[PDB]
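Structure, as structure tokens:
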4 protein chains.
Amino acid sequence: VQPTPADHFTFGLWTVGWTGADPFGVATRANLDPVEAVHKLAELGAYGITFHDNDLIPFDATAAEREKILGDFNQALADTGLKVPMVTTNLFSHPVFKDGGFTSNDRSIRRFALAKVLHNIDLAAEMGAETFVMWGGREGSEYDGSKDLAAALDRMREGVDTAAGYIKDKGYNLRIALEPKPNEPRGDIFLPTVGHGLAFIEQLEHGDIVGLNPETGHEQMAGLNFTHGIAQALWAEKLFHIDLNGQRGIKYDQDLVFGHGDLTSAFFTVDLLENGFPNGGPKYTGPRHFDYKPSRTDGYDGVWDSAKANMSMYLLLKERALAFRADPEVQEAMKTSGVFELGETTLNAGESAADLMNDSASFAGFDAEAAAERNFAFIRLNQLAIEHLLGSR
Amino acid sequence: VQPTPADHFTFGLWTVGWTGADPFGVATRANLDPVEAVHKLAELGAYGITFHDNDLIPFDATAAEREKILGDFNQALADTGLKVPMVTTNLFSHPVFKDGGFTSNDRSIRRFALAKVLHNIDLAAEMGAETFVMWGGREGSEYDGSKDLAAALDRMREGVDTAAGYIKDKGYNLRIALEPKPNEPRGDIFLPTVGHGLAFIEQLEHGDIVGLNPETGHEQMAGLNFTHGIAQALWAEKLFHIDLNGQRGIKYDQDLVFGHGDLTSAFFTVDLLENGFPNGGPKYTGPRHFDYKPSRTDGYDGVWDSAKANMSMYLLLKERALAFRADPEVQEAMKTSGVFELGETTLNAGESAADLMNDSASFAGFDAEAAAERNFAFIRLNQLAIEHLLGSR
Amino acid sequence: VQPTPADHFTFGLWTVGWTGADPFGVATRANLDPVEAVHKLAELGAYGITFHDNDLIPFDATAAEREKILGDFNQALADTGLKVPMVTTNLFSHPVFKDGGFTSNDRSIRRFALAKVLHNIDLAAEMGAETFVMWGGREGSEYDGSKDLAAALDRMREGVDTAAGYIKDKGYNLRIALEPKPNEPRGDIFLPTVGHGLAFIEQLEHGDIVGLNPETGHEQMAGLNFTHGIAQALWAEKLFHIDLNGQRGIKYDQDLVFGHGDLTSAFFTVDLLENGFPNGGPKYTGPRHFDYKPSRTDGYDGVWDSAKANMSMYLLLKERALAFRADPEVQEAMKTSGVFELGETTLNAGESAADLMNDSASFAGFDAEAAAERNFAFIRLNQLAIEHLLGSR
Amino acid sequence: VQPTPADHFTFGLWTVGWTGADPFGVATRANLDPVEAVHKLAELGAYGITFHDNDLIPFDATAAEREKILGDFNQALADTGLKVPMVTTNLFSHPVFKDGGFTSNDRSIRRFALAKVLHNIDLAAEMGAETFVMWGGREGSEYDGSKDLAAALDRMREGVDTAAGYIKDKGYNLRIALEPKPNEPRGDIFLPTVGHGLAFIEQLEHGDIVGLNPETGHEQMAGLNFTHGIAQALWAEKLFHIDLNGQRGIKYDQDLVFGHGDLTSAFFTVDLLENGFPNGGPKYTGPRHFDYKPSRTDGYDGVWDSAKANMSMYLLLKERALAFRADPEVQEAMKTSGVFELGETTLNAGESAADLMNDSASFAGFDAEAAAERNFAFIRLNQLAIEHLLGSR
Ligand SMILES: OC[C@@H](O)[C@@H](O)[C@H](O)[C@@H](O)CO
Ligand SMILES: OC[C@@H](O)[C@@H](O)[C@H](O)[C@@H](O)CO
Ligand SMILES: OC[C@@H](O)[C@@H](O)[C@H](O)[C@@H](O)CO
Ligand SMILES: OC[C@@H](O)[C@@H](O)[C@H](O)[C@@H](O)CO
Ligand SMILES: [Mg+2]
Ligand SMILES: [Mg+2]
Ligand SMILES: [Mg+2]
Ligand SMILES: [Mg+2]
């Protein structure tokens, strides 16, 4: 398995650039030059790179510094052919953002935050990015009386609709992707799961250009099924981008390599991304982005190894998932279990509620004890998927 | 503290009627006669009672049996004055519902399930209920390949829109409330949290009459903040009903008495229900329903005690929450922390995006290190709330 | 892969015999006759069967009836050659055990529970079991003030030490194994994890014949690493029996087939049971017992599919774990990462604390910054294990 | 409630001194001078201060510098009267400890870590500390094949037994206390809970002077009951020190003020530390140490507010826990529920196992169905505790 640019594997500058500081220790690695990151990733087979404004341009950068850095990074992009499909803003590291950007209780800070986003849209637009991600990491609270929860959602909405109105006004070819996270760094974060992000988009004035950017480990930090959550996003046609990594349980966000967390869930996520729904429906078509962090125990050989492991894991899972659905035994097990039967509408063509209540066969004369005898054989279908994942089939 | 019918405390027949069987043991209590439940609850100060069709009418009940039971229960209601504000359907106990009702993979079963709901709407309508709850407990999977996830949401939608169309057609004065749960009895349940239920309603043809019925312990089984979740439901004007109980962590659904789980979260939920949002906004106005189970260790004296503890807990929390917001020290702490400041729009009246980017004060000349110096004093506001909850203030 | 009796796969009568009642529904399958259970297990290649006293003999059975049941049961064992390696007692289903067996607050229930246990030991010895398991499923509380926590531990010890002295007194060749569970059916169970069970055994008077029976899903309900937990039990030489199954996360105990939960963790569990430790040490040589439940959506074909599947999964993982450790690339990866280096003592033969203190190259003269540059290459090592797991290496 | 030195409230230098860097941001507060820390703690009523070697003396400090820092530090202690009851070592921040101190895969890091510890013991003794705490924060792994799990336990034991023999050899009046943590910063930490720490101590050669230092938030990260866990440590008489703080659920370690996490559990923790066990037994008489971090959104006023708040919370709970146990209605509720009955031995003085077996009224003649009717009244008992907690009784 060898990734080619046709695979659409994208990486953030902050992933291979993550230096290693965590809550109990300092960096274990020297900073990564952005020019090097770009060359290195292009040599491994990446398709693109993504960044936060401050990953590249320091917060306090003078104008001359910004131009230099941008000339160096654009040179690197020209030399290697990497695309920049997504750009995001850092509204969480500077001390000013301690209570949030968009939903900070201080209004002057909310204004700076939105100003900082608006300027970043311009940059995003000039880099040719198709997606603009918003991860509101500091949007939340540690304590329940810190916020007016209705006002917090109004403030979030104001910021997101202002950013979207500006895109439309400027004619930029960008969509906004919101990225949910249940906690960390705040005790509770606003719009904690895929459902909460999707719900919120529906209250927006400009929701047509707003969708989601779900991350594997974020959903698993609430103990949810990542595959079920991205399936709901898909079904509502709101799956704009995806962040792939691994997580080993409900705890701090590990950011492991994709497939290095819950393996069977990783298998079924790849199947959904590659094979789509068994009865048909929308398919996800954007980048396969890896938002992970190389363990701080490992030196730079490990960094490149970890980048490579992401693409290898995905390609290996993909091979198994295509083999799995192509197997005739699996197709037969699917039919037996009623997977295709779920796709037939419950009612008949032009059958109303009144018509159904009235059908004796469906209710009054329905044999419930006889229907309950069906062996759905879900265990057997599960055994067949796992044997295909282990390559023994 | 003494609950009066003016408090609007409602109880399901299945809560005080829960006999005690769990996964590792049989019932520890004799069945409860429905007539007795009604009299007993009216003597404690309940306002109303709620039930599942099969809580009252056995699954296999003949016509003569159904009429008898309904005559007995309506007599009881007439004698005591209890209301029946909510009615729900049991789509989870019979073996026929092993793969779901609405999203069972077997189509004949989906038809029976919907037929069973339609008939129950009639009953609900005749009892004078304002709310019809749907809890899809068997809607989900243990294994990721058991379902076509897009088809499962189509099947759910078909059932919910059919039920809603029927309400409209019949002219019934009922709204449907969907009730999320992340897991148990299925490994993963569809529409696992408040966000997922709200998202789903937006894809519905008849979503205008569809809202939510969140339960305290269900949200806490995913480790979410119950108060933040009901605040999002409120803000979207979808909080139709509420299920109150207690939960002590991420584990099986305990169904403890309300306030017998996370106490501080219970305190802030009561504040939200009674005081509303600090800057104003919608207020929840329906029943305060308790969906709990009297621990199986306790005899019938304990059952009535537990029913009474629910209303006492709520009334005690309410007293403290009204005291808390009326305290001048708390009002001052709120202002200091920026709780009211969150309520001011970020932009000025007729200030566009372009106008803001352009304001030098907001961005280019903004002093970020100086803004970051504000002491938000959230800890102190948290200390004041807890001292009010402990009654030491 | 075809299991054979030399593989030492054992199954509980209650696993395949679980009819499907859960907290929200009744059984979906007919009761399984235990003579049939024995014949079917033996045809599939199991080596032995285990049971709870009340799995085979009803709680109400007369002596005549107990003799009758046991003669047919022993006949079936004789007909097939299945061993009975472990016997256990049901101290959780009858309403009498609602506050516990050994730690019930009621003294007369404690005496009844201990007498039930002692009689069961006599049957255990009579069947040729080498192990007597104790799962204190109802030992615990929902509420913190329900028990004196020190008296509960004194009553647990009295119960286990009386049973242990009785084995010793009668000279049975039996060992007691305690089985920890964090919760379910109690809100909090005493001795919730492997560590608590191990610690508790060291306070017993007859500790020498008391060890543990860890269960995969139980440590995963506290988000613990099952391989790390059983490693600690093995290190202490207290791993007397093991229960294998699957769990997808912190939620109710699912009891899925082994390998249908956390797959990568199942791989490393199999590596420790089969291969042991990289530098050498203890090895577990007991039976490989499956304590799971066939999903309620499936009929009896699914029941035997599911029993087969446990054995398949273990042999597939066993195979990939042998290939993995045998691989020269893996052995060199382990060497680079310092796996064998951890096996060397920190101190030199005869070096004292004073000596080390005083050795300037280990402290005063140590180059901590040089030492920190080591690439441990843990990411690469993990990528090698998963490629062996996925059958690509 | 005003704390006074007799209350024995102790604080770590790193608690009030935590500047706010978390995984997604930099410090929000200026470094706290430790002489100032001492003066401020003493003004608020603390009894003592604790510190990690590198909290006071930089890792790079010259001997001259170490002497300088220590003279001002000892002067401040002398000026104020604060004791130094516990001392600990930092074996986690420097990049050298990226794979652990005692269990690092690198042998030369293991020697450096042990020498760092031994020197620190000398300082501990010199300061008059009675307790030396060991938190093995980096002892663990992200991946299961990174370590030989048996060698890791041998290296942990070598390290703790060398330090213990050195105390014994020098005759210091010091005890070692191990502090368990399930995860963070390692994906899995060795000795993850109270039970694992207790079990581990029983395999040490110098076990007699080794006990535990449980931390509220750490057991709550595995969803365990902190009162049950510390009850087991106390029962074994291994509760040598305690770390008090708050945690809202299974997620990253929050380190909130004691009482700002699970309030009801904090109430029962305070009851066990202050009141002990209902039937009598061991009591914890050590210092009440606060291991928390002031939230990063707050300035230094919030820092001293937060330190005050820990002491307020403990005295408010202490007060309500004394009122609770003193209450004659509670004492009768406890009596009904069998709390004192659990304190009676199961067996009669001189009754053997044979005797009990053979006592027909405890088994053959037992009315199990009669016995099961007992109302244990646990719900009522819990309602009484919360009404005392809420200050309504
Ligand atoms: O939890 C961190 C988060 O996942 C971060 O890497 C976001 O993805 C980024 O801020 C937006 O792309
Ligand atoms: O988890 C069980 C669920 O909470 C049940 O009691 C629903 O609320 C009821 O089916 C609808 O009202
Ligand atoms: O949670 C159920 C438990 O795992 C049970 O099946 C014990 O293993 C059995 O009682 C002892 O063998
Ligand atoms: O998770 C941090 C840990 O709780 C730490 O502050 C230890 O308590 C300290 O290192 C030993 O005292
Ligand atoms: Mg991300
Ligand atoms: Mg409910
Ligand atoms: Mg078991
Ligand atoms: Mg600590």
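Chain labels A, B, ... are given in the sequence in which chains occur in the structure tokens; within each chain residues are numbered consecutively from 1, and ligands are likewise numbered from 1 in the order shown.
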Quiz item: Quick one: which residues from chain D are at most 7 Å off chain B, using only C-alpha atoms, as a PyMOL selection string?
Solution: chain D and resi 223+249+262-264+297-299+302+305-306+309+373-380+383+389-391
What residues of the protein or nucleic acid chains come within 7 Å of ligand 7 when you use only C-alpha atoms and all ligand atoms? Reply as a PDB file with N, CA, C and O atoms, in the first residue's frame.
ATOM      1  N   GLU C 179     -14.138 -12.536  41.539  1.00  0.00           N
ATOM      2  CA  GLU C 179     -14.421 -11.798  40.342  1.00  0.00           C
ATOM      3  C   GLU C 179     -14.989 -10.400  40.609  1.00  0.00           C
ATOM      4  O   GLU C 179     -16.124 -10.147  40.981  1.00  0.00           O
ATOM      5  N   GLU C 215     -12.487 -10.340  34.403  1.00  0.00           N
ATOM      6  CA  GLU C 215     -13.358 -10.481  33.255  1.00  0.00           C
ATOM      7  C   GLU C 215     -13.107  -9.250  32.382  1.00  0.00           C
ATOM      8  O   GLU C 215     -13.100  -8.085  32.828  1.00  0.00           O
ATOM      9  N   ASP C 243     -12.192 -14.814  32.545  1.00  0.00           N
ATOM     10  CA  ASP C 243     -13.463 -14.783  31.840  1.00  0.00           C
ATOM     11  C   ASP C 243     -13.220 -13.883  30.614  1.00  0.00           C
ATOM     12  O   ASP C 243     -12.894 -12.707  30.837  1.00  0.00           O
ATOM     13  N   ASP C 291     -17.249 -16.057  29.112  1.00  0.00           N
ATOM     14  CA  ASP C 291     -18.399 -15.556  29.894  1.00  0.00           C
ATOM     15  C   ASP C 291     -19.027 -14.400  29.077  1.00  0.00           C
ATOM     16  O   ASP C 291     -18.690 -13.234  29.250  1.00  0.00           O
TER      17      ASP C 291
END
Self-check item: Which of region 118-361 of chain D fall in helix (DSSP H, G or I), as number ranges by chain
Solution: D: 118-127, 144-146, 149-170, 194-201, 207-209, 216-220, 226-235, 263-275, 300-326, 328-336, 341-343, 353-357, 360-361
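Neighbours of ligand 5 at a cut-off of 10 Å, computed so that only C-alpha atoms and all ligand atoms are counted, are the residues residues 12, 15, 133, 134, 135, 179, 180, 181, 213, 214, 215, 216, 217, 218, 242, 243, 244, 245, 255, 289, 290, 291 and 292 of chain A.
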Write out the residues from the selection above, keeping C-alpha atoms, as an mmCIF file, in the first residue's frame.
data_model
loop_
_atom_site.group_PDB
_atom_site.id
_atom_site.type_symbol
_atom_site.label_atom_id
_atom_site.label_comp_id
_atom_site.auth_asym_id
_atom_site.auth_seq_id
_atom_site.Cartn_x
_atom_site.Cartn_y
_atom_site.Cartn_z
ATOM 1 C CA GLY A 12 -2.313 19.863 9.510
ATOM 2 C CA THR A 15 0.045 17.504 13.682
ATOM 3 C CA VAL A 133 -13.052 25.110 9.921
ATOM 4 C CA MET A 134 -14.228 26.510 13.225
ATOM 5 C CA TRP A 135 -13.288 24.541 16.348
ATOM 6 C CA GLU A 179 -16.115 21.012 14.771
ATOM 7 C CA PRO A 180 -17.669 19.575 17.902
ATOM 8 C CA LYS A 181 -15.830 18.476 21.019
ATOM 9 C CA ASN A 213 -15.976 18.710 10.601
ATOM 10 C CA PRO A 214 -16.330 15.712 13.007
ATOM 11 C CA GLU A 215 -13.243 14.171 14.561
ATOM 12 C CA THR A 216 -13.064 10.479 15.497
ATOM 13 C CA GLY A 217 -11.704 10.905 19.047
ATOM 14 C CA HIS A 218 -14.047 13.820 19.903
ATOM 15 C CA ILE A 242 -13.547 14.966 8.477
ATOM 16 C CA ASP A 243 -10.736 14.734 11.041
ATOM 17 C CA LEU A 244 -9.363 11.167 11.411
ATOM 18 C CA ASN A 245 -7.276 9.970 14.425
ATOM 19 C CA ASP A 255 -4.862 12.187 19.051
ATOM 20 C CA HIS A 289 -7.554 14.683 6.959
ATOM 21 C CA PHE A 290 -5.508 13.372 9.883
ATOM 22 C CA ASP A 291 -5.646 15.507 13.061
ATOM 23 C CA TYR A 292 -3.312 13.534 15.349
#
Quiz item: Counting only C-alpha atoms, what is within 8 Å of region 99-105 of chain D, bar same-chain residues fewer than 5 positions away, as number ranges by chain?
Solution: A: 297; C: 337-339, 341-342; D: 91-92, 110-114, 136-141, 147, 152-153, 155-156, 159
Any idea what's packed within 10 Å of residue 36 (chain D), counting only C-alpha atoms, ignoring anything in its chain fewer than 6 positions away? Could you give it as a PDB file with N, CA, C and O atoms, in the first residue's frame?
ATOM      1  N   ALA D  42      -0.304  31.146  54.958  1.00  0.00           N
ATOM      2  CA  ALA D  42      -0.299  31.363  56.419  1.00  0.00           C
ATOM      3  C   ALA D  42      -1.360  32.400  56.804  1.00  0.00           C
ATOM      4  O   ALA D  42      -2.067  32.071  57.774  1.00  0.00           O
ATOM      5  N   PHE D  73      13.396  30.369  51.745  1.00  0.00           N
ATOM      6  CA  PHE D  73      12.257  29.492  51.950  1.00  0.00           C
ATOM      7  C   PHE D  73      12.206  29.127  53.435  1.00  0.00           C
ATOM      8  O   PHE D  73      11.110  29.422  53.999  1.00  0.00           O
ATOM      9  N   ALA D  76      11.010  32.193  55.537  1.00  0.00           N
ATOM     10  CA  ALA D  76       9.557  32.418  55.405  1.00  0.00           C
ATOM     11  C   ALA D  76       8.790  31.445  56.263  1.00  0.00           C
ATOM     12  O   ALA D  76       7.907  31.807  57.054  1.00  0.00           O
TER      13      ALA D  76
END
Quiz item: Within 7 Å of residue 240 (chain D), counting only C-alpha atoms, which residues qualify if same-chain residues fewer than 4 places away don't, as a list in words?
Solution: residues 177, 211, 212, 213 and 286 of chain D
Restricting it to N, CA, C and O atoms, dump the selection as a short mmCIF file (atom, residue, chain, number, x, y, z; two decimals), in the first residue's frame.
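Okay, this is what ended up in out-v9.cif:
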data_model
loop_
_atom_site.label_atom_id
_atom_site.label_comp_id
_atom_site.auth_asym_id
_atom_site.auth_seq_id
_atom_site.Cartn_x
_atom_site.Cartn_y
_atom_site.Cartn_z
N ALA D 177 4.19 7.24 50.30
CA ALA D 177 2.80 7.12 49.91
C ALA D 177 2.74 7.10 48.39
O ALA D 177 3.17 8.08 47.71
N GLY D 211 2.48 3.22 51.87
CA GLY D 211 1.01 3.30 51.96
C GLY D 211 0.51 4.08 50.76
O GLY D 211 1.26 4.12 49.75
N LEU D 212 -0.66 4.63 50.76
CA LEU D 212 -1.19 5.35 49.61
C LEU D 212 -1.49 6.82 49.86
O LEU D 212 -1.64 7.24 51.02
N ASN D 213 -1.67 7.54 48.74
CA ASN D 213 -2.04 8.94 48.70
C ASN D 213 -3.13 9.05 47.58
O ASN D 213 -2.89 9.49 46.47
N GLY D 286 -4.25 12.18 59.47
CA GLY D 286 -3.24 12.99 58.80
C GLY D 286 -3.75 14.32 58.36
O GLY D 286 -4.90 14.69 58.59
#
Quiz item: If you run DSSP on this backbone, which residues of region 170-358 of chain B come out as strand (DSSP E), and could you give them as a list in words?
Solution: residues 175, 176, 177, 178, 188, 189, 210, 211, 212, 243, 244, 288, 289 and 290 of chain B
Only C-alpha atoms, please: the residues just picked out, written as an mmCIF file, in the first residue's frame.
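After the write, result14.cif holds the following:
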data_model
loop_
_atom_site.group_PDB
_atom_site.id
_atom_site.type_symbol
_atom_site.label_atom_id
_atom_site.label_comp_id
_atom_site.auth_asym_id
_atom_site.auth_seq_id
_atom_site.Cartn_x
_atom_site.Cartn_y
_atom_site.Cartn_z
ATOM 1 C CA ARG B 175 -47.318 17.339 20.055
ATOM 2 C CA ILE B 176 -44.747 14.499 19.720
ATOM 3 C CA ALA B 177 -41.667 14.567 21.975
ATOM 4 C CA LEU B 178 -38.686 12.393 20.959
ATOM 5 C CA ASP B 188 -25.665 2.107 20.358
ATOM 6 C CA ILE B 189 -29.085 3.798 20.068
ATOM 7 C CA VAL B 210 -42.167 17.497 16.924
ATOM 8 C CA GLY B 211 -39.872 18.448 19.871
ATOM 9 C CA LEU B 212 -37.859 16.770 22.644
ATOM 10 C CA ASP B 243 -37.902 13.496 32.350
ATOM 11 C CA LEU B 244 -36.200 14.149 35.730
ATOM 12 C CA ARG B 288 -41.984 18.294 35.839
ATOM 13 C CA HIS B 289 -42.116 14.525 35.172
ATOM 14 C CA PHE B 290 -40.113 11.999 37.187
#
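Using only C-alpha atoms, the nearest neighbour of residue 143 (chain A) within the list A:187, A:51, A:130, A:77 is A:187.
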